[PDB]
Amino acid sequence: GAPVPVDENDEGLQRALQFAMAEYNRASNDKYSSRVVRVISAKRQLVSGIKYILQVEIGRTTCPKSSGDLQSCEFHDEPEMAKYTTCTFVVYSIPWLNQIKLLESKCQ
């Protein structure tokens, strides 16, 4: 009948995590200009199995994804409130009937 919050006590979600790291690998194409920052929240829904709708805040920068070479790093100057992009992940996961996927990343 409705959505609910996700508990970080289940270690089975550590798999759906490797999914977001991939969709992101093809979303940043190059190796610079794009970079994630932090998570905004996460709620799980049900549709046969479970689903994880997250709201991430990704921005641009002079680094290759998370880590990389050189140091400095930054979203081009000090745009603590500029140059950014919100997005939401919709993961799918269900070991009870053979299922698990990654719908997509709703980013604008």
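Residues numbered from 1 in each chain as written, not as in the entry; some residues may be left out. Heavy atoms only, no water. Residues with missing side-chain atoms left out of burial classes, pairs and counts.

- Per the PDB entry, the recorded name for the protein chain is CYSTATIN, and the organism is Gallus gallus.
- The deposited entry bears the title "CHICKEN EGG WHITE CYSTATIN WILDTYPE, NMR, 16 STRUCTURES".
- Taken directly from UniProt, the Subcellular location text for the protein chain runs: "Secreted".
- Under the heading Sequence similarities, UniProt records this for the protein chain: "Belongs to the cystatin family." (UniProt positions renumbered as here; feature names shortened; annotations may be inferred.)

**Considerations on the sheet that holds strand β1 (residues 4-5)**
What holds strands together in a sheet is hydrogen bonding between their backbones, with the strands either parallel or antiparallel.
Thinking step 1. Spatial ordering of the open sheet is given by β1-β2-β3-β4-β5, a layout of five strands whose pairing is antiparallel. The sheet is open, and its two edges are formed by β1 and β5 (99-106), each paired on a single side.
Thinking step 2. The sheet contact formed by β1 and strand β2 (residues 35-47) spans two bridges and is antiparallel. Counted as the bridge partner of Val4 is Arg44 from β2. (Pairing = 2+ DSSP bridges. Helix = DSSP H or I, 4+ residues; strand = E, 2+ residues; numbered from the N terminus.)

**Considering the pattern of salt bridges**
Thinking step 1. Taken as a whole, this structure holds one salt bridge when the rule is applied.
Thinking step 2. The residue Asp7 makes a salt bridge to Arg44 at a minimum N-O spacing of 3.2 Å. Pair noted here: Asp7 is in the loop between β1 and α1 (14-27) and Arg44 is in strand β2, with a separation of 37 residues, a long-range link.
Thinking step 3. For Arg44, a relative accessible area of 24% gives the class partly exposed. (Salt bridge = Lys/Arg side-chain N within 4 Å of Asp/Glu carboxyl O. Buried < 20%, exposed > 50% of the residue type's maximum accessible area, 1.4 Å probe, protein only.)

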